[PDB]
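K.L.:
Below is a structure I'd like to ask you about.
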Amino acid sequence: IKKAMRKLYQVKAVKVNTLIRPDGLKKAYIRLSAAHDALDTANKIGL
Amino acid sequence: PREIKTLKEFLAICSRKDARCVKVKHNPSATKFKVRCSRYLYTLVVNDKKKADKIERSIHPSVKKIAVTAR
Amino acid sequence: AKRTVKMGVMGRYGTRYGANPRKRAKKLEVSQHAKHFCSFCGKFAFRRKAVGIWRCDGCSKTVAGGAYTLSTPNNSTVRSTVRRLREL
Amino acid sequence: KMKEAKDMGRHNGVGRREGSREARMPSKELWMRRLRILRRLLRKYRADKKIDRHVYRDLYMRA
Amino acid sequence: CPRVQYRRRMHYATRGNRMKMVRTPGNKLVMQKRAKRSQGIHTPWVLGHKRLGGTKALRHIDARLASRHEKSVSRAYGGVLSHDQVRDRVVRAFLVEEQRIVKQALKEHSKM
Amino acid sequence: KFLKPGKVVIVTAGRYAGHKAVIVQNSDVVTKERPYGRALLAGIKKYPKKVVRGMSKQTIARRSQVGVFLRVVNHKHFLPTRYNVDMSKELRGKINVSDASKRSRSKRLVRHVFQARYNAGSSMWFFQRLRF
Amino acid sequence: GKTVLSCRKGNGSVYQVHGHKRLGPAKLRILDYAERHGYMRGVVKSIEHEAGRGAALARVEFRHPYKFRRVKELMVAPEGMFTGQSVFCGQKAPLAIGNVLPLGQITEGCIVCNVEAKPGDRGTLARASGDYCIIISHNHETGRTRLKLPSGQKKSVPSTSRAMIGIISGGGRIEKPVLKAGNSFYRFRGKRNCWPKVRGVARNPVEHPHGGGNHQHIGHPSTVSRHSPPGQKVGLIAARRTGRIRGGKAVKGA
RNA sequence: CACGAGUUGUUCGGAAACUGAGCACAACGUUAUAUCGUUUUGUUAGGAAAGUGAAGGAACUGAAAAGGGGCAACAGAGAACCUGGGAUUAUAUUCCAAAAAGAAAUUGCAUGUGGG
RNA sequence: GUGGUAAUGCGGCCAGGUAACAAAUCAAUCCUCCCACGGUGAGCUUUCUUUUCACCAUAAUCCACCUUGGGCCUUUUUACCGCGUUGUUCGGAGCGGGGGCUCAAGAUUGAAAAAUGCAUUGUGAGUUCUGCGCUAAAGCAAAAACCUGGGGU
RNA sequence: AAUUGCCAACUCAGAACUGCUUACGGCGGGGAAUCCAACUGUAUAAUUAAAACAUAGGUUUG
Ligand SMILES: [K+]
Ligand SMILES: [Mg+2]
Ligand SMILES: [Mg+2]
Ligand SMILES: [Mg+2]
Ligand SMILES: [Mg+2]
Ligand SMILES: [Mg+2]
Ligand SMILES: [Mg+2]
Ligand SMILES: [Mg+2]
Ligand SMILES: [Mg+2]
Ligand code: NA
Ligand code: NA
Ligand code: NA
Ligand code: NA
Ligand code: NA
Ligand code: NA
Ligand code: NA
Ligand SMILES: [Zn+2]
């Protein structure tokens with residue numbers, strides 16, 4: 001997940017926490033390094 | 001956390017390339033200089049106010065200084 | 001003072017198993033909880049640790065013999081014969 | 001208030017006792033207290049050299 | 001008065017799951033696990049099984065990460081036998097070898 | 001026993017338990033510093049190893065080296081044997097311990113004498129190790 | 001009817017021995033070259049008690065004949081054995097309590113234990129608490145020895161089978177009355193599932209040949225034949241005689 | 001009942017990686033028939049069940065080691081982390097960001113220093 | 001590798017040890033409850049009450065280094081008498097006195113740590129882990145993993 | 001020192017005065033005999049808990 005995060009969006013992830021949901025899907029919480037703004041990345045993604 | 005016994009040793013530690021920052025705590029009696037190195041926190045306890053001010057105003061370049069206050 | 005007239009260590013059974021069986025078990029119980037003589041170390045130091053195991057805390061030693069006593073009467077004949085044959 | 005009264009000894013009579021004498025104050029505790037007191041006194045006297053070893057041993061046995 | 005709960009997902013009071021009560025700087029009472037202990041380094045069981053002088057009783061990771069002084073002594077058989085056992089073995093070795101030499105020399109002198 | 005200088009003893013207590021030594025100097029009069037009878041002992045803390053044929057002279061010497069110690073020991077802490085190693089009055093006079101310098105010099109002299117004796121080939125039992 | 005209990009026990013389902021706490025089979029040394037042509041010396045290390053057995057067991061340490069190693073054996077202790085004792089096994093052994101020697105070398109009239117029936121069996125006779133054999137005679141022509149077994153019968157064995165000198169330890173055990181059902185409970189908890197014992201006359205006809213009736217009785221003689229099928233062979237089996245014996249007691253056995 | 005949400009771990013529990021009462025794959029035997037039996041009292045099987053250390057002149061090659069492979073304990077053995085939070089609507093010894101609120105312990109591989 | 005008379009400081013193979021194991025009695029630390037002194041807030045107050053209630057906290061991980069319970073060393077040697085427990089015992093196979101080495105559990109000083117939390121610092125009782133070393137014809141599971149030594153290398 | 005101070009924790013015993021409407025809860029009725037089984041135990045889940053079964057002790061058989 002870290003490698004894919006870096007490849008898809010040119011950002012660096014310092015932590016990934018994962019859980020599998022009661023409906024069967026897997027969800028990840030990805031924290032970016034302080035050199036990157038998650039708000040800027042979210043705007044680029046289109047959130 | 002480890003405690004330093006001498007000013008020379010404290011100066012060497014503060015000059016160590018891994019020393020990230022130096023925090024200064026002003027107690028009603030003594031002054032504590034806490035150096036955050038990579039693995040440990042080193043604290044030097046100084047009793048004399050004049051000596052403590054001399055060290056604080058002295059030069060420890062390239063290391064950030066933090067004044068510990070209640071936030 | 002004396003605490004029982006004749007029913008000694010067997011006084012823990014109450015009135016419960018018959019006079020003759022208690023009298024028969026008393027001798028073996030007394031001998032099994034007694035302290036026996038140690039030929040080495042020359043003193044009374046042997047104590048039972050299980051049905052045939054006797055242990056002397058002075059010399060730090062364990063000996064095999066007897067269920068409720070250190071030496072059976074049958075073994076005396078064996079030791080006497082062995083010593084005599086060795087003497088010959 | 002009742003505790004001060006009972007410290008003066010007011011509500012601990014025959015008609016108020018409900019448990020056995022040994023339940024209220026066991027005898028083994030009394031014996032251990034007494035014997036330890038006596039042994040402490042004997043040791044102090046022997047140390048202060050009021051009595052000798054010969055007298056001490058006899059008193060230690062009779063206690 | 002306050003009452004406490006288990007915190008480490010095992011809820012049985014066995015000899016390995018022992019707990020102690022602690023009051024924290026935040027003024028609450030919690031449960032903390034009590035570590036298991038060891039009996040220490042001993043003399044061989046057939047020779048008496050006595051605790052050896054100069055050695056420490058350390059558990060698994062502590063024994064792995066400690067230094068040699070803690071678990072041994074500078075004498076011979078350090079950390080295995082005691083001083084009296086070592087002395088007895090030394091004397092027995094010397095005396096037995098002397099008896100053997102004398103007996104063999106006597107046999108050879110009778111032969112020749 | 002009869003503790004004379006030149007006799008061979010076996011240490012039974014302490015770090016050097018089981019090693020062999022020679023009585024350099026005996027003294028049976030108690031003092032305030034040492035309230036016991038004692039002797040000065042010159043033992044060997046490193047026995048010469050075993051040498052077989054087909055060995056280079058370098059390794060032969062390296063494995064024929066020996067090492068010594070010089071200490072004062074209580075009478076109870078060694079056992080006396082019937083063997084002897086010759087010690088002269090001149091050698092005993094040259095041996096002494098009163099400071100670090102004197103101790104080191106005496107130790108070097110004792111080691112040299114022992115190496116000479118082992119090379120000469122006398123007193124083989126003294127240089128064999130005790131297996132226990 | 002249904003299966004009888006003595007036949008149910010032959011499947012050995014819940015009727016097998018309780019052996020988790022046992023230490024292993026007790027046996028003499030292996031009959032090898034050193035024992036056949038000389039002697040070996042061992043030292044007694046410890047004396048222990050094993051659940052379900054009345055005698056003591058001894059741990060004896062030897063040296064491996066061929067490798068650099070130590071070998072520990074487990075035998076049944078004779079009476080008098082102590083820790084630190086030296087034990088000799090083989091041909092050239094002396095005569096003392098605990099030594100293992102051939103029967104041809106043991107003198108006539110001696111008391112032995114742990115006897116081998118066939119050379120190499122590692123001991124099968126006289127192994128319970130206070131038992132022993134007696135050597136009766138030697139016969140140098142055929143190389144056989146006659147003994148008196150603990151039961152009173154006489155048996156001839158080859159002179160090459162080994163035996164140990166002395167008497168087994170733990171004697172006098174059955175002289176103490178038990179007095180309680182709890183004591184029997186604890187005695188059999190270390191052996192096997194065989195206690196308590198119900199009576200055939202107290203069972204029902206579907207279960208036992210003796211069960212049933214308006215009074216508790218056996219309707220037929222309780223002496224049964226040697227050729228009876230399993231399930232019919234309950235009672236006194238192939239008895240030669242019954243009742244209380246008046247006079248001398250003979251030996252029992254074939 | 002309808003719609004929308006919620007479970008975050010180098011260290012907690014398990015597995016990776018122990019053995020127990022026990023089970024039964026291989027091998028062998030038996031059966032018209034394997035869908036049967038033996039298989040821990042050191043211990044398969046008439047039974048050739050070991051596949052790599054050091055080597056020397058970068059991988060290959062082969063000496064020494066009797067007794068085949070595996071499972072069975074979320075209460076036995078084993079097991080490197082603790083507090084504070086104004087941090088949720090619902091999770092937390094799992095979340096908190098450069099003054100990490102913070103302070104530690106431990107594993108693998110590398111780099112400098114000192115000693116050797 | 002190296003100090004101390006010593007107990008014992010400090011820088012393939014083979015043999016042992018830890019893991020590893022009952023009851024009772026008596027007695028610590030932690031925690032809980034109570035009492036006595038103070039400080040802060042609230043309640044009662046026709047009358048009485050120097051009063052009633054609540055609170056006054058300190059995690060892991062680390063430095064330096066006194067008690068009381070075992071084992072031992074050295075010195076002076078014990079006349080069937082001496083030592084010791086609530087309790088069933090110990091002594092020329094080494095009692096007691098002087099001086100020491102070591103282990104287990106606690107205490108203290110400090111770093112953490114006030115920068116946090118909330119709106120003091122002394123007694124008595126009860127309870128755990130711990131220590132007091134280790135019924136029975138019933139006598140206290142095993143292995144991995146790890147530790148130390150003997151040798152050779 | 002067989003003397004002086006300072007302090008804790010509760011228990012037992014004795015006395016004078018005074019009162020009862022016998023007043024929470026909790027807590028064995030006792031004695032003399034006969035039958036059976038020695039005793040503690042087990043045991044027909046859902047009409048039988050016993051004098052039945054077990055037991056220690058005794059004897060016989062292979
Ligand atoms: K099968
Ligand atoms: Mg997860
Ligand atoms: Mg019926
Ligand atoms: Mg619904
Ligand atoms: Mg577990
Ligand atoms: Mg875990
Ligand atoms: Mg919740
Ligand atoms: Mg108790
Ligand atoms: Mg009845
Ligand atoms: Na009493
Ligand atoms: Na029938
Ligand atoms: Na009947
Ligand atoms: Na009948
Ligand atoms: Na198994
Ligand atoms: Na498993
Ligand atoms: Na019924
Ligand atoms: Zn003895």
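Every chain in the structure tokens has a letter given in the order shown (A, B, ...), and although residue numbers restart at 1 in each chain, ligands are simply numbered from 1 in the order shown.
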Give me, as JSON lines, each residue of chain J that comes within 9 Å of ligand 16, together with its shortest interatomic pair and the distance in Å at one decimal, counting only C-alpha atoms (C1' of nucleotides) and all ligand atoms, with rows ordered by chain and rising residue number.
P.N.:
```
{"residue": "J:44", "atom": "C1'", "partner": "ligand 16", "partner_atom_place_in_ligand_line": "1 (Na)", "distance": 5.9}
{"residue": "J:45", "atom": "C1'", "partner": "ligand 16", "partner_atom_place_in_ligand_line": "1 (Na)", "distance": 8.2}
{"residue": "J:46", "atom": "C1'", "partner": "ligand 16", "partner_atom_place_in_ligand_line": "1 (Na)", "distance": 6.9}
{"residue": "J:47", "atom": "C1'", "partner": "ligand 16", "partner_atom_place_in_ligand_line": "1 (Na)", "distance": 6.8}
{"residue": "J:48", "atom": "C1'", "partner": "ligand 16", "partner_atom_place_in_ligand_line": "1 (Na)", "distance": 6.9}
```
K.L.:
For the residues selected in the previous step, produce a file with N, CA and C atoms (P, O5', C5', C4', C3', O3' and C1' of nucleotides) as a PDB file, in the first residue's frame.
P.N.:
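File selection-v5.pdb, as written:
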```pdb
ATOM      1  P     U J  44     -29.683 -42.702  40.088  1.00  0.00           P
ATOM      2  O5'   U J  44     -31.146 -43.273  39.883  1.00  0.00           O
ATOM      3  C5'   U J  44     -31.559 -43.733  38.616  1.00  0.00           C
ATOM      4  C4'   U J  44     -32.868 -44.471  38.665  1.00  0.00           C
ATOM      5  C3'   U J  44     -34.098 -43.695  39.087  1.00  0.00           C
ATOM      6  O3'   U J  44     -34.599 -42.889  38.033  1.00  0.00           O
ATOM      7  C1'   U J  44     -34.111 -45.895  39.998  1.00  0.00           C
ATOM      8  P     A J  45     -35.491 -41.589  38.306  1.00  0.00           P
ATOM      9  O5'   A J  45     -34.438 -40.441  38.591  1.00  0.00           O
ATOM     10  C5'   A J  45     -33.452 -40.089  37.632  1.00  0.00           C
ATOM     11  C4'   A J  45     -33.328 -38.596  37.473  1.00  0.00           C
ATOM     12  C3'   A J  45     -34.596 -37.890  37.017  1.00  0.00           C
ATOM     13  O3'   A J  45     -34.625 -36.573  37.558  1.00  0.00           O
ATOM     14  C1'   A J  45     -32.904 -37.558  35.419  1.00  0.00           C
ATOM     15  P     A J  46     -35.662 -36.189  38.715  1.00  0.00           P
ATOM     16  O5'   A J  46     -37.072 -36.409  38.040  1.00  0.00           O
ATOM     17  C5'   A J  46     -38.273 -36.360  38.786  1.00  0.00           C
ATOM     18  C4'   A J  46     -39.351 -37.158  38.108  1.00  0.00           C
ATOM     19  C3'   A J  46     -38.947 -38.558  37.671  1.00  0.00           C
ATOM     20  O3'   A J  46     -40.101 -39.384  37.724  1.00  0.00           O
ATOM     21  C1'   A J  46     -39.621 -37.338  35.798  1.00  0.00           C
ATOM     22  P     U J  47     -40.252 -40.539  38.814  1.00  0.00           P
ATOM     23  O5'   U J  47     -41.622 -40.208  39.541  1.00  0.00           O
ATOM     24  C5'   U J  47     -41.682 -39.327  40.645  1.00  0.00           C
ATOM     25  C4'   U J  47     -42.598 -39.850  41.719  1.00  0.00           C
ATOM     26  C3'   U J  47     -42.031 -40.927  42.622  1.00  0.00           C
ATOM     27  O3'   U J  47     -41.208 -40.408  43.653  1.00  0.00           O
ATOM     28  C1'   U J  47     -44.197 -41.538  41.919  1.00  0.00           C
ATOM     29  P     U J  48     -39.754 -41.013  43.921  1.00  0.00           P
ATOM     30  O5'   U J  48     -40.035 -42.487  44.417  1.00  0.00           O
ATOM     31  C5'   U J  48     -40.679 -42.747  45.649  1.00  0.00           C
ATOM     32  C4'   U J  48     -40.198 -44.035  46.252  1.00  0.00           C
ATOM     33  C3'   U J  48     -38.716 -44.106  46.564  1.00  0.00           C
ATOM     34  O3'   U J  48     -38.424 -43.543  47.827  1.00  0.00           O
ATOM     35  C1'   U J  48     -39.457 -46.119  45.529  1.00  0.00           C
TER      36        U J  48
END
```
K.L.:
Produce as a PyMOL selection string the set of residues near ligand 15, where near means within 12 Å with only C-alpha atoms (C1' of nucleotides) and all ligand atoms considered.
P.N.:
(chain H and resi 15-20+70-73) or (chain I and resi 144)
K.L.:
Give me, as a ChimeraX atom specification, the set of residues whose atoms come within 9 Å of any atom of ligand 8, counting only C-alpha atoms (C1' of nucleotides) and all ligand atoms.
P.N.:
/I:23-26
K.L.:
Could the residues in this selection be saved with C-alpha atoms (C1' of nucleotides) as a PDB file, in the first residue's frame?
P.N.:
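Result saved to again18.pdb:
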```pdb
ATOM      1  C1'   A I  23       0.046 -28.517  52.324  1.00  0.00           C
ATOM      2  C1'   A I  24       0.111 -25.995  56.932  1.00  0.00           C
ATOM      3  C1'   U I  25       2.042 -22.258  60.293  1.00  0.00           C
ATOM      4  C1'   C I  26       4.046 -17.466  61.008  1.00  0.00           C
TER       5        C I  26
END
```
K.L.:
Quick one: residues within 12 Å of range 27-30 of chain D, only C-alpha atoms (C1' of nucleotides) counted, chain neighbours fewer than 4 positions away excluded, as a list in words?
P.N.:
residues 20, 21, 22, 23, 34, 35, 36 and 37 of chain D; 25, 26, 86 and 87 of chain I; 11 of chain J
K.L.:
May I have all residues of chain C that DSSP, computed from the backbone, assigns to alpha helix (DSSP H), given as number ranges by chain?
P.N.:
C: 19-33, 73-87
K.L.:
What's the 12 Å shell around residue 25 in chain E, counting only C-alpha atoms (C1' of nucleotides), without same-chain residues fewer than 3 positions away, as a VMD selection string?
P.N.:
(chain E and resid 22 28 to 30) or (chain H and resid 82 to 84) or (chain I and resid 57 to 59 113 to 114 116 to 118)
K.L.:
Could you list, as JSON, numbers by chain, all the residues within 9 Å of ligand 9, counting only C-alpha atoms (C1' of nucleotides) and all ligand atoms?
P.N.:
{"J": [37, 38, 39, 51]}
K.L.:
Would you list the residues that come within 12 Å of ligand 17? Count only C-alpha atoms (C1' of nucleotides) and all ligand atoms and give the answer as a PDB file with N, CA and C atoms (P, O5', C5', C4', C3', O3' and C1' of nucleotides), in the first residue's frame.
P.N.:
```pdb
ATOM      1  N   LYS C  35      12.500 -42.249  64.085  1.00  0.00           N
ATOM      2  CA  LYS C  35      13.801 -41.881  63.536  1.00  0.00           C
ATOM      3  C   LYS C  35      14.790 -43.001  63.825  1.00  0.00           C
ATOM      4  N   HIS C  36      15.558 -43.400  62.818  1.00  0.00           N
ATOM      5  CA  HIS C  36      16.357 -44.612  62.897  1.00  0.00           C
ATOM      6  C   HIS C  36      17.847 -44.292  62.842  1.00  0.00           C
ATOM      7  N   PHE C  37      18.657 -45.264  63.256  1.00  0.00           N
ATOM      8  CA  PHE C  37      20.092 -45.061  63.417  1.00  0.00           C
ATOM      9  C   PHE C  37      20.832 -45.131  62.086  1.00  0.00           C
ATOM     10  N   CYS C  38      21.835 -44.268  61.935  1.00  0.00           N
ATOM     11  CA  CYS C  38      22.638 -44.148  60.720  1.00  0.00           C
ATOM     12  C   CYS C  38      24.027 -44.695  61.015  1.00  0.00           C
ATOM     13  N   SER C  39      24.395 -45.793  60.350  1.00  0.00           N
ATOM     14  CA  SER C  39      25.659 -46.463  60.654  1.00  0.00           C
ATOM     15  C   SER C  39      26.849 -45.563  60.349  1.00  0.00           C
ATOM     16  N   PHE C  40      26.857 -44.947  59.173  1.00  0.00           N
ATOM     17  CA  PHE C  40      27.689 -43.774  58.964  1.00  0.00           C
ATOM     18  C   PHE C  40      27.043 -42.560  59.621  1.00  0.00           C
ATOM     19  N   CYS C  41      27.891 -41.630  60.060  1.00  0.00           N
ATOM     20  CA  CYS C  41      27.525 -40.449  60.842  1.00  0.00           C
ATOM     21  C   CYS C  41      27.160 -40.800  62.281  1.00  0.00           C
ATOM     22  N   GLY C  42      27.013 -42.087  62.586  1.00  0.00           N
ATOM     23  CA  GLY C  42      26.738 -42.554  63.933  1.00  0.00           C
ATOM     24  C   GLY C  42      25.722 -41.793  64.768  1.00  0.00           C
ATOM     25  N   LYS C  43      24.505 -41.602  64.261  1.00  0.00           N
ATOM     26  CA  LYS C  43      23.456 -40.946  65.035  1.00  0.00           C
ATOM     27  C   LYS C  43      22.095 -41.278  64.434  1.00  0.00           C
ATOM     28  N   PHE C  44      21.044 -40.923  65.170  1.00  0.00           N
ATOM     29  CA  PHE C  44      19.661 -41.193  64.771  1.00  0.00           C
ATOM     30  C   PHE C  44      19.216 -40.140  63.772  1.00  0.00           C
ATOM     31  N   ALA C  45      19.270 -40.461  62.483  1.00  0.00           N
ATOM     32  CA  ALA C  45      18.976 -39.450  61.482  1.00  0.00           C
ATOM     33  C   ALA C  45      18.170 -39.929  60.290  1.00  0.00           C
ATOM     34  N   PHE C  46      17.752 -41.187  60.239  1.00  0.00           N
ATOM     35  CA  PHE C  46      17.072 -41.714  59.064  1.00  0.00           C
ATOM     36  C   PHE C  46      15.570 -41.481  59.168  1.00  0.00           C
ATOM     37  N   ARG C  47      14.973 -41.002  58.081  1.00  0.00           N
ATOM     38  CA  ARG C  47      13.547 -40.738  58.015  1.00  0.00           C
ATOM     39  C   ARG C  47      12.993 -41.248  56.697  1.00  0.00           C
ATOM     40  N   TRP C  54      14.543 -44.234  52.542  1.00  0.00           N
ATOM     41  CA  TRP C  54      14.974 -43.688  53.819  1.00  0.00           C
ATOM     42  C   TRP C  54      16.101 -42.699  53.585  1.00  0.00           C
ATOM     43  N   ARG C  55      16.008 -41.525  54.198  1.00  0.00           N
ATOM     44  CA  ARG C  55      16.905 -40.421  53.896  1.00  0.00           C
ATOM     45  C   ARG C  55      17.535 -39.867  55.162  1.00  0.00           C
ATOM     46  N   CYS C  56      18.857 -39.718  55.156  1.00  0.00           N
ATOM     47  CA  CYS C  56      19.601 -39.172  56.285  1.00  0.00           C
ATOM     48  C   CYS C  56      20.061 -37.769  55.932  1.00  0.00           C
ATOM     49  N   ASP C  57      19.557 -36.778  56.661  1.00  0.00           N
ATOM     50  CA  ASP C  57      19.867 -35.383  56.371  1.00  0.00           C
ATOM     51  C   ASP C  57      21.271 -34.977  56.806  1.00  0.00           C
ATOM     52  N   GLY C  58      21.881 -35.711  57.730  1.00  0.00           N
ATOM     53  CA  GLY C  58      23.238 -35.427  58.141  1.00  0.00           C
ATOM     54  C   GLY C  58      24.251 -35.760  57.068  1.00  0.00           C
ATOM     55  N   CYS C  59      24.330 -37.031  56.683  1.00  0.00           N
ATOM     56  CA  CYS C  59      25.290 -37.427  55.668  1.00  0.00           C
ATOM     57  C   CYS C  59      24.824 -37.110  54.256  1.00  0.00           C
ATOM     58  N   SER C  60      23.589 -36.637  54.084  1.00  0.00           N
ATOM     59  CA  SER C  60      23.015 -36.354  52.768  1.00  0.00           C
ATOM     60  C   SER C  60      22.994 -37.606  51.891  1.00  0.00           C
ATOM     61  N   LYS C  61      22.187 -38.582  52.300  1.00  0.00           N
ATOM     62  CA  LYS C  61      22.238 -39.895  51.682  1.00  0.00           C
ATOM     63  C   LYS C  61      20.875 -40.570  51.748  1.00  0.00           C
ATOM     64  N   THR C  62      20.595 -41.407  50.751  1.00  0.00           N
ATOM     65  CA  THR C  62      19.344 -42.138  50.631  1.00  0.00           C
ATOM     66  C   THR C  62      19.634 -43.629  50.565  1.00  0.00           C
ATOM     67  N   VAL C  63      18.807 -44.424  51.238  1.00  0.00           N
ATOM     68  CA  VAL C  63      18.987 -45.866  51.339  1.00  0.00           C
ATOM     69  C   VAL C  63      17.670 -46.546  51.000  1.00  0.00           C
TER      70      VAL C  63
ATOM     71  N   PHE G  82      22.573 -47.890  48.625  1.00  0.00           N
ATOM     72  CA  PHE G  82      22.647 -46.490  49.009  1.00  0.00           C
ATOM     73  C   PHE G  82      23.308 -45.689  47.903  1.00  0.00           C
TER      74      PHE G  82
ATOM     75  P     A I  93      34.790 -33.154  62.982  1.00  0.00           P
ATOM     76  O5'   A I  93      33.631 -32.469  62.148  1.00  0.00           O
ATOM     77  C5'   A I  93      33.891 -31.878  60.881  1.00  0.00           C
ATOM     78  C4'   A I  93      32.628 -31.733  60.071  1.00  0.00           C
ATOM     79  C3'   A I  93      31.391 -31.359  60.875  1.00  0.00           C
ATOM     80  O3'   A I  93      30.525 -30.564  60.068  1.00  0.00           O
ATOM     81  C1'   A I  93      31.073 -33.478  59.869  1.00  0.00           C
TER      82        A I  93
END
```
K.L.:
Could you tell me, as number ranges by chain, which residues of range 5-64 of chain B DSSP assigns to strand (DSSP E) when given the backbone?
P.N.:
B: 21-26, 31-36, 41-46, 64
K.L.:
Enter the distance from CA of residue 71 in chain B to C1' of residue 115 in chain I, in Å, rounded to one decimal.
P.N.:
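Distance reported for this atom pair: 7.9 Å.
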K.L.:
If the limit is 10 Å from any atom of ligand 7, counting only C-alpha atoms (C1' of nucleotides) and all ligand atoms, which residues qualify? Return them as a PDB file with N, CA, C and O atoms (P, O5', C5', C4', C3', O3' and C1' of nucleotides), in the first residue's frame.
P.N.:
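File produced: out.pdb:
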```pdb
ATOM      1  P     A H  90     -19.389   8.819  21.743  1.00  0.00           P
ATOM      2  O5'   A H  90     -19.222   7.372  21.110  1.00  0.00           O
ATOM      3  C5'   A H  90     -20.003   6.274  21.553  1.00  0.00           C
ATOM      4  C4'   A H  90     -20.091   5.200  20.502  1.00  0.00           C
ATOM      5  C3'   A H  90     -18.785   4.544  20.089  1.00  0.00           C
ATOM      6  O3'   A H  90     -18.416   3.489  20.958  1.00  0.00           O
ATOM      7  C1'   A H  90     -20.070   5.092  18.175  1.00  0.00           C
ATOM      8  P     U H  91     -16.933   3.340  21.542  1.00  0.00           P
ATOM      9  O5'   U H  91     -16.020   2.943  20.297  1.00  0.00           O
ATOM     10  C5'   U H  91     -15.934   1.604  19.832  1.00  0.00           C
ATOM     11  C4'   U H  91     -14.552   1.255  19.343  1.00  0.00           C
ATOM     12  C3'   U H  91     -13.479   1.143  20.408  1.00  0.00           C
ATOM     13  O3'   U H  91     -13.438  -0.147  20.984  1.00  0.00           O
ATOM     14  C1'   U H  91     -12.708   2.535  18.656  1.00  0.00           C
ATOM     15  P     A H  92     -13.077  -0.355  22.524  1.00  0.00           P
ATOM     16  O5'   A H  92     -11.490  -0.388  22.542  1.00  0.00           O
ATOM     17  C5'   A H  92     -10.727   0.460  23.382  1.00  0.00           C
ATOM     18  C4'   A H  92      -9.447   0.883  22.711  1.00  0.00           C
ATOM     19  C3'   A H  92      -8.315   1.325  23.625  1.00  0.00           C
ATOM     20  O3'   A H  92      -7.515   0.227  24.031  1.00  0.00           O
ATOM     21  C1'   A H  92      -8.515   2.739  21.694  1.00  0.00           C
TER      22        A H  92
END
```
